[PDB]
>>> print(open('structure-v5.cif').read())   # mmCIF, N, CA and C atoms
data_upload
loop_
_atom_site.group_PDB
_atom_site.id
_atom_site.type_symbol
_atom_site.label_atom_id
_atom_site.label_comp_id
_atom_site.auth_asym_id
_atom_site.auth_seq_id
_atom_site.Cartn_x
_atom_site.Cartn_y
_atom_site.Cartn_z
ATOM 1 N N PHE A 1 115.489 64.053 -86.035
ATOM 2 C CA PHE A 1 115.664 63.179 -87.190
ATOM 3 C C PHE A 1 114.376 63.076 -87.992
ATOM 4 N N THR A 2 113.236 63.006 -87.301
ATOM 5 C CA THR A 2 111.949 62.942 -87.981
ATOM 6 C C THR A 2 111.483 64.302 -88.478
ATOM 7 N N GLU A 3 112.183 65.376 -88.120
ATOM 8 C CA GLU A 3 111.950 66.672 -88.740
ATOM 9 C C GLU A 3 112.753 66.811 -90.024
ATOM 10 N N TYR A 4 114.009 66.363 -89.994
ATOM 11 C CA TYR A 4 114.857 66.326 -91.182
ATOM 12 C C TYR A 4 114.272 65.414 -92.251
ATOM 13 N N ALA A 5 114.019 64.155 -91.897
ATOM 14 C CA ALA A 5 113.579 63.153 -92.860
ATOM 15 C C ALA A 5 112.150 63.358 -93.329
ATOM 16 N N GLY A 6 111.356 64.172 -92.644
ATOM 17 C CA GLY A 6 110.066 64.559 -93.169
ATOM 18 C C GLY A 6 110.089 65.821 -93.992
ATOM 19 N N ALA A 7 111.244 66.476 -94.065
ATOM 20 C CA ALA A 7 111.441 67.637 -94.920
ATOM 21 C C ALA A 7 112.182 67.261 -96.195
ATOM 22 N N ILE A 8 112.852 66.111 -96.192
ATOM 23 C CA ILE A 8 113.445 65.616 -97.426
ATOM 24 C C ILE A 8 112.392 64.872 -98.235
ATOM 25 N N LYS A 9 111.285 64.483 -97.595
ATOM 26 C CA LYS A 9 110.155 63.916 -98.325
ATOM 27 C C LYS A 9 109.322 65.011 -98.972
ATOM 28 N N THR A 10 109.375 66.218 -98.408
ATOM 29 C CA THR A 10 108.698 67.356 -99.018
ATOM 30 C C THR A 10 109.380 67.765 -100.310
ATOM 31 N N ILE A 11 110.705 67.856 -100.282
ATOM 32 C CA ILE A 11 111.436 68.485 -101.371
ATOM 33 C C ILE A 11 111.610 67.522 -102.542
ATOM 34 N N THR A 12 111.562 66.210 -102.295
ATOM 35 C CA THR A 12 111.510 65.268 -103.411
ATOM 36 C C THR A 12 110.147 65.295 -104.084
ATOM 37 N N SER A 13 109.075 65.304 -103.286
ATOM 38 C CA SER A 13 107.728 65.306 -103.851
ATOM 39 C C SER A 13 107.391 66.652 -104.478
ATOM 40 N N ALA A 14 108.142 67.694 -104.129
ATOM 41 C CA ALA A 14 108.073 68.958 -104.847
ATOM 42 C C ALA A 14 108.920 68.951 -106.108
ATOM 43 N N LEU A 15 109.646 67.867 -106.359
ATOM 44 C CA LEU A 15 110.586 67.824 -107.469
ATOM 45 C C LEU A 15 110.332 66.607 -108.347
ATOM 46 N N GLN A 16 109.651 65.594 -107.805
ATOM 47 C CA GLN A 16 108.965 64.626 -108.652
ATOM 48 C C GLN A 16 107.829 65.311 -109.395
ATOM 49 N N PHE A 17 107.185 66.276 -108.730
ATOM 50 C CA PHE A 17 106.221 67.177 -109.350
ATOM 51 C C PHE A 17 106.793 67.918 -110.546
ATOM 52 N N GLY A 18 108.026 68.401 -110.453
ATOM 53 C CA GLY A 18 108.615 69.210 -111.501
ATOM 54 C C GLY A 18 108.905 68.448 -112.774
ATOM 55 N N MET A 19 109.330 67.192 -112.642
ATOM 56 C CA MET A 19 109.615 66.387 -113.824
ATOM 57 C C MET A 19 108.340 65.792 -114.407
ATOM 58 N N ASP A 20 107.436 65.317 -113.550
ATOM 59 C CA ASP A 20 106.223 64.675 -114.043
ATOM 60 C C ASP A 20 105.154 65.663 -114.478
ATOM 61 N N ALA A 21 105.353 66.962 -114.274
ATOM 62 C CA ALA A 21 104.551 67.969 -114.949
ATOM 63 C C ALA A 21 105.179 68.404 -116.257
ATOM 64 N N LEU A 22 106.363 67.886 -116.569
ATOM 65 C CA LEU A 22 107.020 68.177 -117.833
ATOM 66 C C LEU A 22 106.853 67.030 -118.822
ATOM 67 N N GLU A 23 106.564 65.823 -118.331
ATOM 68 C CA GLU A 23 106.158 64.742 -119.223
ATOM 69 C C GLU A 23 104.743 64.956 -119.734
ATOM 70 N N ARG A 24 103.934 65.718 -118.997
ATOM 71 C CA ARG A 24 102.666 66.177 -119.537
ATOM 72 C C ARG A 24 102.881 67.239 -120.605
ATOM 73 N N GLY A 25 104.022 67.919 -120.574
ATOM 74 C CA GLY A 25 104.357 68.924 -121.558
ATOM 75 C C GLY A 25 104.652 68.347 -122.923
ATOM 76 N N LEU A 26 105.220 67.141 -122.964
ATOM 77 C CA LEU A 26 105.371 66.411 -124.216
ATOM 78 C C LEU A 26 104.008 66.113 -124.812
ATOM 79 N N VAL A 27 103.189 65.370 -124.065
ATOM 80 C CA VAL A 27 101.874 64.915 -124.490
ATOM 81 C C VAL A 27 100.935 66.065 -124.853
ATOM 82 N N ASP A 28 101.118 67.239 -124.254
ATOM 83 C CA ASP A 28 100.365 68.436 -124.649
ATOM 84 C C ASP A 28 100.837 68.927 -126.014
ATOM 85 N N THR A 29 102.143 69.170 -126.150
ATOM 86 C CA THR A 29 102.646 69.843 -127.344
ATOM 87 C C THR A 29 102.615 68.937 -128.564
ATOM 88 N N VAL A 30 102.779 67.625 -128.374
ATOM 89 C CA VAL A 30 102.713 66.708 -129.511
ATOM 90 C C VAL A 30 101.286 66.633 -130.040
ATOM 91 N N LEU A 31 100.311 66.596 -129.130
ATOM 92 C CA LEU A 31 98.908 66.646 -129.528
ATOM 93 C C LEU A 31 98.528 67.999 -130.114
ATOM 94 N N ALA A 32 99.130 69.082 -129.626
ATOM 95 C CA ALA A 32 98.846 70.388 -130.207
ATOM 96 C C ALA A 32 99.530 70.585 -131.551
ATOM 97 N N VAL A 33 100.609 69.847 -131.831
ATOM 98 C CA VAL A 33 101.201 69.872 -133.167
ATOM 99 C C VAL A 33 100.280 69.181 -134.166
ATOM 100 N N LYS A 34 99.659 68.072 -133.749
ATOM 101 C CA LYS A 34 98.756 67.336 -134.628
ATOM 102 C C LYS A 34 97.514 68.146 -134.966
ATOM 103 N N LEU A 35 96.995 68.907 -134.000
ATOM 104 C CA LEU A 35 95.764 69.655 -134.231
ATOM 105 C C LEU A 35 95.992 70.887 -135.098
ATOM 106 N N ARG A 36 97.231 71.369 -135.196
ATOM 107 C CA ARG A 36 97.493 72.474 -136.110
ATOM 108 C C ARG A 36 97.542 72.003 -137.554
ATOM 109 N N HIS A 37 97.874 70.740 -137.779
ATOM 110 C CA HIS A 37 97.929 70.184 -139.119
ATOM 111 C C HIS A 37 96.836 69.154 -139.366
ATOM 112 N N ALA A 38 95.652 69.341 -138.779
ATOM 113 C CA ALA A 38 94.524 68.425 -138.938
ATOM 114 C C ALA A 38 93.332 69.184 -139.500
ATOM 115 N N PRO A 39 93.176 69.232 -140.814
ATOM 116 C CA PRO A 39 91.968 69.805 -141.394
ATOM 117 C C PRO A 39 90.802 68.845 -141.250
ATOM 118 N N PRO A 40 89.564 69.337 -141.272
ATOM 119 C CA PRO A 40 88.420 68.459 -141.018
ATOM 120 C C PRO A 40 88.130 67.521 -142.177
ATOM 121 N N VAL A 41 87.135 66.659 -141.951
ATOM 122 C CA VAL A 41 86.772 65.637 -142.930
ATOM 123 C C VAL A 41 86.198 66.279 -144.183
ATOM 124 N N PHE A 42 85.203 67.165 -144.009
ATOM 125 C CA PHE A 42 84.436 67.697 -145.128
ATOM 126 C C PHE A 42 85.293 68.501 -146.096
ATOM 127 N N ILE A 43 86.345 69.147 -145.607
ATOM 128 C CA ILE A 43 87.310 69.764 -146.508
ATOM 129 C C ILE A 43 88.149 68.698 -147.200
ATOM 130 N N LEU A 44 88.654 67.731 -146.444
ATOM 131 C CA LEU A 44 89.687 66.855 -146.975
ATOM 132 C C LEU A 44 89.133 65.661 -147.744
ATOM 133 N N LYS A 45 87.863 65.298 -147.538
ATOM 134 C CA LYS A 45 87.316 64.096 -148.162
ATOM 135 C C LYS A 45 87.217 64.240 -149.677
ATOM 136 N N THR A 46 86.706 65.377 -150.150
ATOM 137 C CA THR A 46 86.575 65.586 -151.587
ATOM 138 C C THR A 46 87.928 65.851 -152.238
ATOM 139 N N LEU A 47 88.898 66.360 -151.474
ATOM 140 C CA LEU A 47 90.259 66.469 -151.987
ATOM 141 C C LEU A 47 90.959 65.123 -152.021
ATOM 142 N N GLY A 48 90.476 64.154 -151.242
ATOM 143 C CA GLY A 48 91.085 62.834 -151.255
ATOM 144 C C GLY A 48 90.797 62.075 -152.536
ATOM 145 N N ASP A 49 89.635 62.322 -153.134
ATOM 146 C CA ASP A 49 89.291 61.705 -154.407
ATOM 147 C C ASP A 49 90.102 62.351 -155.520
ATOM 148 N N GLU B 1 42.883 21.066 -64.013
ATOM 149 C CA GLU B 1 43.159 20.634 -65.374
ATOM 150 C C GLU B 1 44.213 21.552 -65.973
ATOM 151 N N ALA B 2 45.364 20.989 -66.323
ATOM 152 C CA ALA B 2 46.473 21.772 -66.853
ATOM 153 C C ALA B 2 46.278 22.006 -68.343
ATOM 154 N N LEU B 3 46.278 23.271 -68.747
ATOM 155 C CA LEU B 3 45.987 23.653 -70.119
ATOM 156 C C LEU B 3 47.264 24.064 -70.837
ATOM 157 N N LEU B 4 47.432 23.575 -72.060
ATOM 158 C CA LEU B 4 48.562 23.936 -72.901
ATOM 159 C C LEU B 4 48.077 24.755 -74.088
ATOM 160 N N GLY B 5 48.976 25.578 -74.634
ATOM 161 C CA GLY B 5 48.665 26.434 -75.753
ATOM 162 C C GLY B 5 49.634 26.212 -76.904
ATOM 163 N N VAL B 6 49.352 26.883 -78.016
ATOM 164 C CA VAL B 6 50.164 26.795 -79.223
ATOM 165 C C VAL B 6 50.727 28.177 -79.511
ATOM 166 N N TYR B 7 52.051 28.282 -79.553
ATOM 167 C CA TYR B 7 52.732 29.525 -79.885
ATOM 168 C C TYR B 7 53.494 29.355 -81.191
ATOM 169 N N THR B 8 53.505 30.404 -82.004
ATOM 170 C CA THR B 8 54.254 30.425 -83.252
ATOM 171 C C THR B 8 55.470 31.326 -83.092
ATOM 172 N N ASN B 9 56.590 30.907 -83.675
ATOM 173 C CA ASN B 9 57.867 31.562 -83.438
ATOM 174 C C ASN B 9 57.970 32.872 -84.213
ATOM 175 N N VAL B 10 58.917 33.708 -83.788
ATOM 176 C CA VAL B 10 59.227 34.930 -84.519
ATOM 177 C C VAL B 10 59.986 34.561 -85.785
ATOM 178 N N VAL B 11 59.513 35.054 -86.927
ATOM 179 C CA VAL B 11 60.148 34.738 -88.201
ATOM 180 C C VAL B 11 61.470 35.488 -88.294
ATOM 181 N N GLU B 12 62.567 34.743 -88.308
ATOM 182 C CA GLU B 12 63.898 35.322 -88.323
ATOM 183 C C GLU B 12 64.259 35.782 -89.727
ATOM 184 N N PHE B 13 65.243 36.666 -89.802
ATOM 185 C CA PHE B 13 65.649 37.271 -91.056
ATOM 186 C C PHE B 13 67.150 37.104 -91.234
ATOM 187 N N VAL B 14 67.561 37.136 -92.507
ATOM 188 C CA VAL B 14 68.956 37.014 -92.908
ATOM 189 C C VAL B 14 69.795 38.101 -92.253
ATOM 190 N N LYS B 15 70.915 37.698 -91.652
ATOM 191 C CA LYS B 15 71.802 38.627 -90.973
ATOM 192 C C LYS B 15 72.517 39.526 -91.981
ATOM 193 N N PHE B 16 73.228 40.522 -91.451
ATOM 194 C CA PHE B 16 73.694 41.628 -92.281
ATOM 195 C C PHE B 16 74.832 41.216 -93.204
ATOM 196 N N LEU B 17 75.674 40.282 -92.769
ATOM 197 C CA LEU B 17 76.781 39.858 -93.616
ATOM 198 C C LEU B 17 76.320 38.939 -94.737
ATOM 199 N N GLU B 18 75.160 38.311 -94.587
ATOM 200 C CA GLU B 18 74.659 37.410 -95.609
ATOM 201 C C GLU B 18 73.698 38.086 -96.577
ATOM 202 N N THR B 19 73.400 39.367 -96.380
ATOM 203 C CA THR B 19 72.735 40.138 -97.412
ATOM 204 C C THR B 19 73.769 40.693 -98.383
ATOM 205 N N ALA B 20 73.340 40.906 -99.624
ATOM 206 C CA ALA B 20 74.234 41.445 -100.638
ATOM 207 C C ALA B 20 74.382 42.953 -100.554
ATOM 208 N N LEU B 21 73.697 43.614 -99.615
ATOM 209 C CA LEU B 21 73.912 45.037 -99.393
ATOM 210 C C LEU B 21 75.308 45.330 -98.851
ATOM 211 N N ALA B 22 75.949 44.371 -98.183
ATOM 212 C CA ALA B 22 77.264 44.585 -97.595
ATOM 213 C C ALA B 22 78.391 44.580 -98.617
ATOM 214 N N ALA B 23 78.086 44.440 -99.904
ATOM 215 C CA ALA B 23 79.046 44.754 -100.949
ATOM 216 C C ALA B 23 79.223 46.250 -101.133
ATOM 217 N N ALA B 24 78.314 47.059 -100.587
ATOM 218 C CA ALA B 24 78.390 48.507 -100.671
ATOM 219 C C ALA B 24 79.054 49.148 -99.467
ATOM 220 N N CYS B 25 79.213 48.418 -98.370
ATOM 221 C CA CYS B 25 79.788 48.968 -97.158
ATOM 222 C C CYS B 25 80.879 48.052 -96.627
ATOM 223 N N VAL B 26 81.792 48.639 -95.870
ATOM 224 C CA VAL B 26 82.928 47.928 -95.297
ATOM 225 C C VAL B 26 82.692 47.759 -93.803
ATOM 226 N N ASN B 27 82.659 46.520 -93.340
ATOM 227 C CA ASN B 27 82.157 46.212 -92.009
ATOM 228 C C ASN B 27 83.309 45.949 -91.049
ATOM 229 N N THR B 28 83.375 46.738 -89.975
ATOM 230 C CA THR B 28 84.257 46.480 -88.847
ATOM 231 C C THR B 28 83.435 46.478 -87.570
ATOM 232 N N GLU B 29 83.885 45.712 -86.583
ATOM 233 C CA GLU B 29 83.192 45.617 -85.299
ATOM 234 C C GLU B 29 84.009 46.359 -84.257
ATOM 235 N N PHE B 30 83.633 47.599 -83.989
ATOM 236 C CA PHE B 30 84.299 48.399 -82.974
ATOM 237 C C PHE B 30 83.576 48.150 -81.659
ATOM 238 N N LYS B 31 84.266 47.475 -80.732
ATOM 239 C CA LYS B 31 83.635 46.897 -79.546
ATOM 240 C C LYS B 31 83.073 47.958 -78.610
ATOM 241 N N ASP B 32 83.794 49.052 -78.407
ATOM 242 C CA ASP B 32 83.366 50.089 -77.476
ATOM 243 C C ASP B 32 83.220 51.417 -78.219
ATOM 244 N N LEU B 33 82.086 51.576 -78.892
ATOM 245 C CA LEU B 33 81.795 52.781 -79.651
ATOM 246 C C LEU B 33 81.038 53.810 -78.832
ATOM 247 N N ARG B 34 80.443 53.408 -77.711
ATOM 248 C CA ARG B 34 79.805 54.369 -76.824
ATOM 249 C C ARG B 34 80.809 55.220 -76.061
ATOM 250 N N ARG B 35 82.103 54.906 -76.155
ATOM 251 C CA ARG B 35 83.140 55.763 -75.608
ATOM 252 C C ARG B 35 83.662 56.769 -76.627
ATOM 253 N N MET B 36 83.388 56.576 -77.913
ATOM 254 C CA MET B 36 83.908 57.480 -78.932
ATOM 255 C C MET B 36 83.140 58.798 -78.936
ATOM 256 N N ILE B 37 83.870 59.907 -79.071
ATOM 257 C CA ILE B 37 83.263 61.223 -79.252
ATOM 258 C C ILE B 37 83.135 61.524 -80.738
ATOM 259 N N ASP B 38 84.258 61.502 -81.457
ATOM 260 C CA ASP B 38 84.296 61.795 -82.884
ATOM 261 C C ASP B 38 85.212 60.804 -83.585
ATOM 262 N N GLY B 39 85.171 60.831 -84.909
ATOM 263 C CA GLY B 39 86.141 60.116 -85.713
ATOM 264 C C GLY B 39 86.320 60.840 -87.022
ATOM 265 N N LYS B 40 87.560 60.927 -87.483
ATOM 266 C CA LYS B 40 87.812 61.716 -88.674
ATOM 267 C C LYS B 40 88.713 60.960 -89.631
ATOM 268 N N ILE B 41 88.665 61.385 -90.888
ATOM 269 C CA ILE B 41 89.524 60.871 -91.943
ATOM 270 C C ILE B 41 90.115 62.092 -92.617
ATOM 271 N N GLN B 42 91.424 62.107 -92.805
ATOM 272 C CA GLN B 42 92.080 63.281 -93.356
ATOM 273 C C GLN B 42 92.746 62.907 -94.669
ATOM 274 N N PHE B 43 92.221 63.448 -95.764
ATOM 275 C CA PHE B 43 92.798 63.259 -97.083
ATOM 276 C C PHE B 43 93.837 64.336 -97.335
ATOM 277 N N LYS B 44 94.813 64.024 -98.178
ATOM 278 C CA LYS B 44 95.827 64.990 -98.590
ATOM 279 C C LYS B 44 96.061 64.774 -100.078
ATOM 280 N N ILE B 45 95.423 65.599 -100.897
ATOM 281 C CA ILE B 45 95.331 65.383 -102.333
ATOM 282 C C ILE B 45 96.350 66.281 -103.015
ATOM 283 N N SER B 46 97.447 65.702 -103.481
ATOM 284 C CA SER B 46 98.429 66.463 -104.236
ATOM 285 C C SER B 46 98.001 66.500 -105.693
ATOM 286 N N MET B 47 98.304 67.600 -106.369
ATOM 287 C CA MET B 47 97.763 67.799 -107.695
ATOM 288 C C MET B 47 98.869 68.106 -108.693
ATOM 289 N N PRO B 48 98.951 67.373 -109.796
ATOM 290 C CA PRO B 48 99.942 67.675 -110.829
ATOM 291 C C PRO B 48 99.412 68.723 -111.795
ATOM 292 N N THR B 49 100.332 69.297 -112.561
ATOM 293 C CA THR B 49 99.997 70.290 -113.568
ATOM 294 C C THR B 49 100.603 69.904 -114.909
#
>>> encode(input="structure-v5.cif", output="structure tokens")
Amino acid sequence: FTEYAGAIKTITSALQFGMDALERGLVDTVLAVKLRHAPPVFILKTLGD
Amino acid sequence: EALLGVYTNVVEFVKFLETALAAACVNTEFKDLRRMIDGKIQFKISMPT
């Protein structure tokens, strides 16, 4: 029983891993979308006037 | 003629729990440590991606 129930703790923690490494995928790609459309200050400041 | 003398006491010092150095260490009293051979701590660091 302690071999079974210690192997179901492996496969959940191998699969909590799978979802919670995909919530990092949101935060990566959303930040990488912002950096593709973020020109620097010195270019954009004089265009702001 | 019975002669008496003057003795000065040993100047005592603050014990270890009443010094502020024990904020840096965690104190346990292991009664029989001369029987111990080794002691270990085993970390298991899971890593997300």
>>> closest_atom_pairs(input="structure-v5.cif", of="chain A", to="chain B", cutoff="8 Å", atoms="only C-alpha atoms", output="JSON lines")
{"residue": "A:17", "atom": "CA", "partner": "B:48", "partner_atom": "CA", "distance": 6.5}
{"residue": "A:20", "atom": "CA", "partner": "B:48", "partner_atom": "CA", "distance": 7.7}
{"residue": "A:21", "atom": "CA", "partner": "B:49", "partner_atom": "CA", "distance": 5.3}
{"residue": "A:24", "atom": "CA", "partner": "B:49", "partner_atom": "CA", "distance": 7.7}
>>> write_last_selection(input="structure-v5.cif", atoms="N, CA and C atoms", output="short mmCIF file (atom, residue, chain, number, x, y, z; two decimals), in the coordinates of the input")
data_model
loop_
_atom_site.label_atom_id
_atom_site.label_comp_id
_atom_site.auth_asym_id
_atom_site.auth_seq_id
_atom_site.Cartn_x
_atom_site.Cartn_y
_atom_site.Cartn_z
N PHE A 17 107.18 66.28 -108.73
CA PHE A 17 106.22 67.18 -109.35
C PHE A 17 106.79 67.92 -110.55
N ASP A 20 107.44 65.32 -113.55
CA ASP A 20 106.22 64.68 -114.04
C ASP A 20 105.15 65.66 -114.48
N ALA A 21 105.35 66.96 -114.27
CA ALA A 21 104.55 67.97 -114.95
C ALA A 21 105.18 68.40 -116.26
N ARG A 24 103.93 65.72 -119.00
CA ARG A 24 102.67 66.18 -119.54
C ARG A 24 102.88 67.24 -120.60
#
>>> atom_distance(input="structure-v5.cif", atom1="atom C of residue 13 of chain A", atom2="atom N of residue 45 of chain B")
12.5 Å
>>> select_by_dssp(input="structure-v5.cif", residues="chain A", states="helix (DSSP H, G or I)", output="count of residues only")
35
>>> atom_distance(input="structure-v5.cif", atom1="atom C of residue 19 of chain A", atom2="atom C of residue 6 of chain A")
20.5 Å
>>> atom_distance(input="structure-v5.cif", atom1="atom N of residue 32 of chain A", atom2="atom CA of residue 44 of chain A")
19.9 Å
>>> axis_aligned_box(input="structure-v5.cif", around="segment 25-42 of chain A", padding_each_side="4 Å", output="AutoDock Vina command-line options")
--center_x 94.9 --center_y 68.7 --center_z -133.3 --size_x 28.9 --size_y 15.6 --size_z 33.5
>>> decode(input="structure-v5.cif", residues="segment 2-23 of chain B", atoms="N, CA and C atoms", output="compact mmCIF listing (two decimals), in the first residue's frame")
# COMPACT_ATOMS: atom_id res chain seq x y z
N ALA B 2 45.02 31.40 64.38
CA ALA B 2 44.32 31.02 63.16
C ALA B 2 44.24 32.20 62.21
N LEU B 3 44.74 32.02 61.00
CA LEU B 3 44.85 33.09 60.02
C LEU B 3 43.79 32.93 58.94
N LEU B 4 43.13 34.04 58.60
CA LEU B 4 42.14 34.06 57.54
C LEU B 4 42.66 34.90 56.38
N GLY B 5 42.15 34.60 55.18
CA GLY B 5 42.56 35.29 53.98
C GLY B 5 41.36 35.88 53.24
N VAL B 6 41.65 36.62 52.18
CA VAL B 6 40.64 37.26 51.36
C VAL B 6 40.74 36.69 49.95
N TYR B 7 39.65 36.09 49.48
CA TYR B 7 39.57 35.55 48.13
C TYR B 7 38.54 36.33 47.33
N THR B 8 38.83 36.55 46.05
CA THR B 8 37.91 37.21 45.13
C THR B 8 37.34 36.18 44.17
N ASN B 9 36.05 36.33 43.87
CA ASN B 9 35.32 35.31 43.12
C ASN B 9 35.67 35.35 41.64
N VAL B 10 35.35 34.26 40.95
CA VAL B 10 35.49 34.21 39.50
C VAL B 10 34.38 35.04 38.88
N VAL B 11 34.74 35.96 38.00
CA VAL B 11 33.76 36.83 37.36
C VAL B 11 32.96 36.02 36.35
N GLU B 12 31.67 35.85 36.62
CA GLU B 12 30.81 35.04 35.78
C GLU B 12 30.39 35.81 34.55
N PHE B 13 29.95 35.08 33.53
CA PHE B 13 29.59 35.66 32.25
C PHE B 13 28.19 35.21 31.86
N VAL B 14 27.56 36.03 31.02
CA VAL B 14 26.22 35.79 30.51
C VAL B 14 26.17 34.45 29.78
N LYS B 15 25.16 33.64 30.11
CA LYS B 15 25.00 32.33 29.51
C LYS B 15 24.58 32.46 28.04
N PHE B 16 24.56 31.32 27.35
CA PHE B 16 24.49 31.33 25.90
C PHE B 16 23.11 31.73 25.39
N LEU B 17 22.06 31.39 26.13
CA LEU B 17 20.72 31.75 25.68
C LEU B 17 20.42 33.22 25.92
N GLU B 18 21.15 33.87 26.82
CA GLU B 18 20.92 35.27 27.10
C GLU B 18 21.83 36.20 26.31
N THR B 19 22.73 35.65 25.49
CA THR B 19 23.41 36.46 24.51
C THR B 19 22.57 36.56 23.24
N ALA B 20 22.74 37.66 22.51
CA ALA B 20 22.00 37.86 21.28
C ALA B 20 22.60 37.11 20.10
N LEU B 21 23.71 36.40 20.29
CA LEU B 21 24.24 35.55 19.23
C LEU B 21 23.32 34.38 18.91
N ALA B 22 22.48 33.95 19.85
CA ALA B 22 21.59 32.81 19.64
C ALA B 22 20.39 33.13 18.76
N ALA B 23 20.29 34.36 18.25
CA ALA B 23 19.37 34.64 17.16
C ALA B 23 19.88 34.10 15.83
